[PDB]
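Participant: Protein chains in written order, with my numbering: chain S, 3 to 179; chain R, 657 to 864; chain E, 15 to 342; chain V, 666 to 797. For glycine and all other residues, C-beta sits at the position ideal for the given N, C-alpha and C.
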Amino acid sequence: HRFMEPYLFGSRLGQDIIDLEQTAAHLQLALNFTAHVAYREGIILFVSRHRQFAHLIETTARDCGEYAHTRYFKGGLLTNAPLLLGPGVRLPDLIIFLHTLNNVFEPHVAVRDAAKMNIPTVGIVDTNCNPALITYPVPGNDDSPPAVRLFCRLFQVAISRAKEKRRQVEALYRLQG
Amino acid sequence: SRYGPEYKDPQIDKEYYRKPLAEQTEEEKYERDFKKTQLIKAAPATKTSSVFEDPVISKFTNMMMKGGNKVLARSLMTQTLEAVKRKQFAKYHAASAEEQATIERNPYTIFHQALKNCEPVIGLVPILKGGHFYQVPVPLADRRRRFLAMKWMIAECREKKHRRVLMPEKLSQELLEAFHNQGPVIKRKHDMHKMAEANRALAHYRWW
Amino acid sequence: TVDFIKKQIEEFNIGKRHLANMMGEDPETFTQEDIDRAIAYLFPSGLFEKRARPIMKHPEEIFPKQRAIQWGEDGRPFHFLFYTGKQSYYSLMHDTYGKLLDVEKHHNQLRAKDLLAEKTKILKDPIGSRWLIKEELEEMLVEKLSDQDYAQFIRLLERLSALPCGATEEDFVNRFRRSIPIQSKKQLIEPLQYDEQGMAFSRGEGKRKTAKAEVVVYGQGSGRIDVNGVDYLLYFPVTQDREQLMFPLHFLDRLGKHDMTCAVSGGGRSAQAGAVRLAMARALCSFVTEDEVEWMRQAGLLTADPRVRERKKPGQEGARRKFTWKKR
Amino acid sequence: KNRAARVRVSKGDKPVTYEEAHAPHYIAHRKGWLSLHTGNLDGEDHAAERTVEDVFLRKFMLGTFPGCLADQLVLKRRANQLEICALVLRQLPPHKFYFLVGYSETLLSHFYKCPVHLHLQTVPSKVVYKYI
RNA sequence: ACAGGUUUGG
RNA sequence: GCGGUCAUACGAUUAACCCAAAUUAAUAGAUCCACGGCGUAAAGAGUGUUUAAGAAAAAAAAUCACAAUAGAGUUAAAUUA
RNA sequence: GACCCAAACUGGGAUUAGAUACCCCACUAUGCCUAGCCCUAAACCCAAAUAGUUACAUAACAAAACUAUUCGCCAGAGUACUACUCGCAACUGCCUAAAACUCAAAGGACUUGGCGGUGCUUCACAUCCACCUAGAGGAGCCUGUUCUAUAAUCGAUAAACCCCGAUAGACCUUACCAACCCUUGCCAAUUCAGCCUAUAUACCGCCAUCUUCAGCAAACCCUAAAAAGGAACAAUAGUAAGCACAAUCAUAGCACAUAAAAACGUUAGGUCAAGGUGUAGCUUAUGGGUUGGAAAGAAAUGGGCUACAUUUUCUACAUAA
RNA sequence: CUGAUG
Ligand SMILES: [Mg+2]
Ligand SMILES: [Mg+2]
Ligand SMILES: [Mg+2]
Ligand SMILES: [Mg+2]
Ligand SMILES: [Mg+2]
Ligand SMILES: [Mg+2]
Ligand SMILES: [Mg+2]
Ligand SMILES: [Mg+2]
Ligand SMILES: [Mg+2]
Ligand SMILES: [Mg+2]
Ligand SMILES: [Mg+2]
Ligand SMILES: [Mg+2]
Ligand SMILES: [Mg+2]
Ligand SMILES: [Mg+2]
Ligand SMILES: [Mg+2]
Ligand SMILES: [Mg+2]
Ligand SMILES: [Mg+2]
Ligand SMILES: [Mg+2]
Ligand SMILES: [Mg+2]
Ligand SMILES: [Mg+2]
Ligand SMILES: [Mg+2]
Ligand SMILES: [Mg+2]
Ligand SMILES: [Mg+2]
Ligand SMILES: [Mg+2]
Ligand SMILES: [Mg+2]
Ligand SMILES: [Mg+2]
Ligand SMILES: [Mg+2]
Ligand SMILES: [Mg+2]
Ligand SMILES: [Mg+2]
Ligand SMILES: [Mg+2]
Ligand SMILES: [Mg+2]
Ligand SMILES: [Mg+2]
Ligand SMILES: [Mg+2]
Ligand SMILES: [Mg+2]
Ligand SMILES: [Mg+2]
Ligand SMILES: [Mg+2]
Ligand SMILES: [Mg+2]
Ligand SMILES: [Mg+2]
Ligand SMILES: [Mg+2]
Ligand SMILES: [Mg+2]
Ligand SMILES: [Mg+2]
Ligand SMILES: [Mg+2]
Ligand SMILES: [Mg+2]
Ligand SMILES: [Mg+2]
Ligand SMILES: [Mg+2]
Numbered sequence: 003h004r005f006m007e008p009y010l011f012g013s014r015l016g017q018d019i020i021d022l023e024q025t026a027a028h029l030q031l032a033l034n035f036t037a038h039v040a041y042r043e044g045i046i047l048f049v050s051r052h053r054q055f056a057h058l059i060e061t062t063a064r065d066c067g068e069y070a071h072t073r074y075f076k077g078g079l080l081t082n083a084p085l086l087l088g089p090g091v092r093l094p095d096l097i098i099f100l101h102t103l104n105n106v107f108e109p110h111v112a113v114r115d116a117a118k119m120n121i122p123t124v125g126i127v128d129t130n131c132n133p134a135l136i137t138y139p140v141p142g143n144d145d146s147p148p149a150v151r152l153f154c155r156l157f158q159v160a161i162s163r164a165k166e167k168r169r170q171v172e173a174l175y176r177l178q179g
Numbered sequence: 657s658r659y660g661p662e663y664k665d666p667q668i669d670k671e672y673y674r675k676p677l678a679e680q681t682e683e684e685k686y687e688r689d690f691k692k693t694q695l696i697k698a699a700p701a702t703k704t705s706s707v708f709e710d711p712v713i714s715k716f717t718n719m720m721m722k723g724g725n726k727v728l729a730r731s732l733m734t735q736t737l738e739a740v741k742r743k744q745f746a747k748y749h750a751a752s753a754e755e756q757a758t759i760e761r762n763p764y765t766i767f768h769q770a771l772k773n774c775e776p777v778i779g780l781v782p783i784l785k786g787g788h789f790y791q792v793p794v795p796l797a798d799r800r801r802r803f804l805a806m807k808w809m810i811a812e813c814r815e816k817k818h819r820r821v822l823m824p825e826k827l828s829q830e831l832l833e834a835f836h837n838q839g840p841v842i843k844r845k846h847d848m849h850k851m852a853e854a855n856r857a858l859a860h861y862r863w864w
Numbered sequence: 015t016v017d018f019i020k021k022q023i024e025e026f027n028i029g030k031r032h033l034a035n036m037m038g039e040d041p042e043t044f045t046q047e048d049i050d051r052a053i054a055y056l057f058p059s060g061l062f063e064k065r066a067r068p069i070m071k072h073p074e075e076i077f078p079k080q081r082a083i084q085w086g087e088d089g090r091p092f093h094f095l096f097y098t099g100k101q102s103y104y105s106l107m108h109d110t111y112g113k114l115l116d117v118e119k120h121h122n123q124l125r126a127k128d129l130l131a132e133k134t135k136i137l138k139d140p141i142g143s144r145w146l147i148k149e150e151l152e153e154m155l156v157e158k159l160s161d162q163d164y165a166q167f168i169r170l171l172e173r174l175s176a177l178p179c180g181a182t183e184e185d186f187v188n189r190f191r192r193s194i195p196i197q198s199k200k201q202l203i204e205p206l207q208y209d210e211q212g213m214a215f216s217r218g219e220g221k222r223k224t225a226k227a228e229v230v231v232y233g234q235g236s237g238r239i240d241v242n243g244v245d246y247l248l249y250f251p252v253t254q255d256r257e258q259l260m261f262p263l264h265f266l267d268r269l270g271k272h273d274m275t276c277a278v279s280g281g282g283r284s285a286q287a288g289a290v291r292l293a294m295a296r297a298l299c300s301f302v303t304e305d306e307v308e309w310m311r312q313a314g315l316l317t318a319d320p321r322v323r324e325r326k327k328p329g330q331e332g333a334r335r336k337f338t339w340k341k342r
Numbered sequence: 666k667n668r669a670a671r672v673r674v675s676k677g678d679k680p681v682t683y684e685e686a687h688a689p690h691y692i693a694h695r696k697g698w699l700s701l702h703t704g705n706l707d708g709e710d711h712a713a714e715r716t717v718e719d720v721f722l723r724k725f726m727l728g729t730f731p732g733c734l735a736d737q738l739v740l741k742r743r744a745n746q747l748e749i750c751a752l753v754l755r756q757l758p759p760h761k762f763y764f765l766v767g768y769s770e771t772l773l774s775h776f777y778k779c780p781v782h783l784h785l786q787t788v789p790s791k792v793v794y795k796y797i
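(1) Let's see if you can read the secondary structure: which residues bound the beta strand (DSSP E) around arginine 144 of chain E?
(2) So, are the CB atoms of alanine 735 of chain V and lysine 666 of chain V less than 8 Å apart?
(3) Mapping the DSSP letters down to three states, classify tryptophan 85 of chain E as helix, strand or coil.
(4) So for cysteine 299 of chain E, helix, strand or coil by DSSP?
(5) Output the distance between the C-alpha atoms of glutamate 833 of chain R and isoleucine 810 of chain R, rounded to the nearest integer angstrom.
(6) By the three-class DSSP mapping on this structure, what secondary structure does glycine 767 of chain V have?
(7) List, from N- to C-terminal side, the beta strand (DSSP E) runs of 3 residues or more that fit wholly inside the region 693-764 of chain V.
(8) Verify whether the separation of the beta carbon atoms of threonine 275 of chain E and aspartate 245 of chain E is less than 8 Å.
(9) Leaving aside the five residues before and after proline 795 of chain R along the sequence, list all residues of the same chain whose C-beta is less than 7 Å from its C-beta, in chain order.
(10) Find out if the Cβ-Cβ distance for the pair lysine 715 of chain R, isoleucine 668 of chain R is shorter than 8 Å.
(11) Return no unless some Cβ of chain E is closer than 8 Å to the Cβ of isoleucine 783 of chain R.
(12) With a Cβ-Cβ cutoff of 8 Å, do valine 252 of chain E and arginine 222 of chain E count as a contact?
(13) Among E:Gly280, E:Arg256 and E:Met154, which has the Cα closest to the Cα of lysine 79 of chain E?
(14) When burial is assigned at 16 or more other CB atoms within 10 Å of the CB, is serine 657 of chain R buried or exposed?
(15) Say whether chain E places a C-beta atom closer than 8 Å to the C-beta of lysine 670 of chain R.
(16) Using beta carbons (cut-off 8 Å, strictly below), is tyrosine 111 of chain E in contact with chain S?
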């Protein structure tokens, strides 16, 4: 993608190589933001349309106590929420994208609906993705099983640590008075 | 139409059921015919398990039946068979010993042979090509051949007879003529074959 | 509507006690077969549609399955698949896939250790098991369903049933199974009756085209028929009607082995011949073994003739023949 | 198109009663008759008298209770005494409702030379069955 | 020009 | 654009609006076209060269298989006297 | 000068109402060589030449949007590749090229329907053909229309009228006509009753047709704007109450079949004459009563019954006379 | 093949 040139290190005989210095520099901010929103009691939704790790993402969101969408994203889910989900529904406070493109190799619907609904979006972008609308892009690989598992475990430990430090802060809140 | 699509046709042949242990290919079919909860239609009043009836005679009687006078059609058929029997017996008793072994008195065999004799081989279909209908020679089916063979005889014996002559009296004569390959029904079949031979070159107009 | 149903259940219990009081039965043994029986008497509504009649049941059959609350007081949803639209169906699919992967890993480890202790527990033909229909799945999952997702769930259930089954997997796959009525069209055979020191006495009933025929058969007499007091030769002058009488007897080769007396009414000559044919065929089943009565029903003797004259329609001639339609 | 006893469907905002929401081909199937008598039997007589009396009761009650009648009347005829069941809106005070029922209970009796009963069931509003 | 009405089922 | 049977559009009445010793009509004026466009709406002229005239505002270049063109000679397939 | 072949024109032959066209045949100018003219093309890749850029940025479609130096053109549409000039071996020619007059439009692109004697797949189950049966159009009669004829109703009058309103006309019905009578004239009252007077192109009530077609549609949401559209199941922006369809119900058991049902709309479809009616018209009359007549067929036509026989006719009779 | 108009 044309918007991937600044996030690339080079080309190793046809295959583009993503640099890891900027990868880690973006991942630090992404993990900090997701940990802060999980600390402030924020709804976090792991979105990914990829028929290989959908079960891994559902199990990761279940172990995190956050919500997941790895299935066919309906049309008016985020925009027409008071008619798609229920009378009065609380929209997710963070959307984490484990695969930006769907099975048609086009940008996801939620990557535009979150920008339409003013919802922060963290997203793992490959060399063929479009990070223009993603709030926190992380230039990496989303097609290798260990690459997906590394990001899923990093976000798992981030949400776990955030909720645990929140419970500890409330424990001291109960002793301050 | 009151029968659903699941209703199957009944089997009247008693010999088909009397000896099932004589062949194994039929066993695998008749042991599962009833297992699938396959419903069977009611047997028609016209078709029964008698050995003195034939589907060809039943079809000819149904084609001769006007309106719904089936008793009248059956009377005409029985009187026709009796008339051909007596007309063959007269010639059996009037011929010598050499022709007695060649003359046939069984009415069913001569009826079937007359029908097979008037059965056409190929027919004509009107095909519209260039705004004009061409009579293309087409191979006929078995049911169409037998239906035409019966219909030609019935249509001839219904109109080309005198008012004083009765239906069985005319049909008995035309049956023997068709059995000996002399009747106008055989002439009509030959005319059909000659027209098909004259339009044999138009057989390329067919697409099936 | 969680509280409304709760109040309706209390009102229904009070109505049940009052109904048992006014009907005079013990309210303890008062069940639904007495509730509907008392409603049918107290409010005798004559209507053709059964759902329009007065009915008083427990509110859980009257009111449909209401969806439970999905989020707490703080707004956070309960289930982790709430933002998928179908949080029950997708959770069922997720559990099915999680058990499929568990069976896969356990069978891989068992093949690595070279042990085969599982069997084929998918063939449930003698039990008569089937899969759930879309309505049966829409009853379990309160939310609505579609066709493609139901076919995907069934195609995943067969994938799970095609693998070496575990212990807790069989009881999970069984709960989506339904047992199918009796797949047997075998008719009931009347036993041989003996009345007034008469041996081999049976009876049959037939009906075809507004013609009722009752035929009694004695298996000890000679071959002859007595209909309405007069013999069959004088009652059926036409050879076709007598051939209808010969049809069921010639099929069993019992021509000169049974005496029969029939009583036919209504219809015409061929309708009476077909009614007595069906009655004689249904009455001859007692004198014959089980293999030949099946050939009778496969030859068309034991089945009725539903071909009844259609009613003439207004504006037509013979219920099919239309009037002469003039184009201009 | 059939138009007898059929309220046409509007944009989806009109309130209709259970009797109006069903076509006339649903009588005795999903809904019943508004009147019950014996003149419409097989070997009975005096049917037209009951029809004209019923239509007079309808046209009389429509004017007697104006704007406050919820649905059509139920005219039961059982053993020389004729009962009229009505559904009335709570627009009139009971002081006037009792005056009206007491006036009609004797006017209809003296007009038809037969005992009449009049029963009123008052509803807060017209009961909606289909879309509203 | 601070512009408006006017082509067409639109 | 309105008038063929409820015309706020015609004629009259009531009422109302805007001007006002002026008000309308007609004709002249002032103003108004393009520092905009040229594939499909009007517009890239059928082609090349040159004169007049104009821009040279930072540096580079010129030329290669194949059916340009004009003459002279020849014919493999088909067809025909 | 050449001429194998093709072919304007032409002459025959087909088709057609006509065919001085498409189709077939023959043949000429011509296409061919030399020399001299003519200088026109949808001469279009409808995108000018020269050096560039991929910055800002999609009217629509199409070949994406643009810079700097220039040249040639463009001022509503028709008139008008026109008239009049100049020039040209062109003399039915080319180039350049107006005006009077008429109109408020002329145009380019697109959306949705409708249509297609356009391409391609799947179909027709009494339906198109391949095929079956019984009829109409021929005769007599019954009956309904169109016409002539009387003083003598009306409406329907393509599918969706024509034994239709009428499951029904000697008086009444009957609203038609000619003669005669009454005018607060059915009701408790009413400067009031009553009108079968006009308007079905004002209606309600009831129906016909597409139609056993499945679509109509409130509330939302999306589109680099939106006239409108909204789908990919290994799923790409769609959720959708409701009305239809379906299911159920009825033809006293199921199944089938039949019946019933069939939304929103099209035909300003039928009905002021079932009944009430908005508007416009009558009131000693377009209102209300009595008597008597409402023919007739020169003719055409629709639907039925009877037959035109031998599978017929008559008689007794269930069908063997 | 052919086959016009409102
Ligand atoms: Mg990738
Ligand atoms: Mg008939
Ligand atoms: Mg225009
Ligand atoms: Mg006026
Ligand atoms: Mg004006
Ligand atoms: Mg005026
Ligand atoms: Mg301009
Ligand atoms: Mg142009
Ligand atoms: Mg050019
Ligand atoms: Mg030019
Ligand atoms: Mg030369
Ligand atoms: Mg030569
Ligand atoms: Mg020549
Ligand atoms: Mg030639
Ligand atoms: Mg010619
Ligand atoms: Mg060219
Ligand atoms: Mg050009
Ligand atoms: Mg130039
Ligand atoms: Mg667009
Ligand atoms: Mg001009
Ligand atoms: Mg020119
Ligand atoms: Mg010129
Ligand atoms: Mg037909
Ligand atoms: Mg006839
Ligand atoms: Mg005739
Ligand atoms: Mg008339
Ligand atoms: Mg008329
Ligand atoms: Mg019509
Ligand atoms: Mg009179
Ligand atoms: Mg009269
Ligand atoms: Mg009058
Ligand atoms: Mg109309
Ligand atoms: Mg649908
Ligand atoms: Mg839309
Ligand atoms: Mg819906
Ligand atoms: Mg039933
Ligand atoms: Mg059905
Ligand atoms: Mg119907
Ligand atoms: Mg239905
Ligand atoms: Mg009209
Ligand atoms: Mg009319
Ligand atoms: Mg009227
Ligand atoms: Mg009228
Ligand atoms: Mg006539
Ligand atoms: Mg008719």
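Facilitator: This is what the structure holds:
(1) Here residue 144 of chain E is taken as the residue at index 130 of the third sequence, counted from 1. Where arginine 144 of chain E is concerned, the enclosing beta strand (DSSP E) stretches over 143-145.
(2) As a first step, residue 735 of chain V must be located in the fourth sequence, where it is residue number 70. As a first step, residue 666 of chain V must be located in the fourth sequence, where it is residue number 1. No, the pair does not count as a contact, with Cβ atoms beyond the cut-off.
(3) Position 71 of the third sequence holds residue 85 of chain E. The answer is strand: DSSP assigns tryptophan 85 of chain E an E or B state.
(4) By 1-based counting over the third sequence, the position of residue 299 of chain E is 285. Here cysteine 299 of chain E sits in coil by DSSP.
(5) Along the second sequence, read from residue 1 onward, the residue named residue 833 of chain R stands at position 177. Along the second sequence, read from residue 1 onward, the residue named residue 810 of chain R stands at position 154. For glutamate 833 of chain R and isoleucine 810 of chain R, the distance between alpha carbons rounds to 14 Å.
(6) Here residue 767 of chain V refers to the residue found at position 102 when the fourth sequence is read from its first residue. Looking at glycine 767 of chain V - three-state DSSP - the assignment turns out to be helix.
(7) 739-743 and 746-754
(8) To locate residue 275 of chain E, count along the third sequence from 1; it is residue 261. To locate residue 245 of chain E, count along the third sequence from 1; it is residue 231. No, these two residues do not count as a Cβ contact at 8 Å.
(9) The count along the second sequence starts at 1 and reaches residue 795 of chain R at position 139. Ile778, listed in sequence order.
(10) Taking the first residue of the second sequence as position 1, residue 715 of chain R is located at position 59. Taking the first residue of the second sequence as position 1, residue 668 of chain R is located at position 12. It is not a contact, given that the beta carbons lie outside the stated cut-off.
(11) Taking the second sequence and counting its residues from 1, the one referred to as residue 783 of chain R is at position 127. False, the Cβ-Cβ gap to chain E never drops below 8 Å.
(12) For the purposes of this step, residue 252 of chain E is identified with residue 238 of the third sequence, where counting begins at 1. For the purposes of this step, residue 222 of chain E is identified with residue 208 of the third sequence, where counting begins at 1. Against a cut-off of 8 Å, the Cβ pair of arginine 222 of chain E and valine 252 of chain E comes out as no contact.
(13) By one-based count along the third sequence, residue 79 of chain E stands at place 65. Taking only the C-alpha atoms, the option nearest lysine 79 of chain E is E:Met154.
(14) Working through the second sequence from its first residue, we reach residue 657 of chain R at position 1. Under this definition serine 657 of chain R is an exposed residue.
(15) On the second sequence, residue 670 of chain R is found 14 positions in, with the first residue counted as 1. At least one chain E Cβ lies under 8 Å of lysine 670 of chain R.
(16) Locating residue 111 of chain E in the third sequence gives position 97, counting from the first residue. It does; some Cβ of chain S falls within 8 Å.
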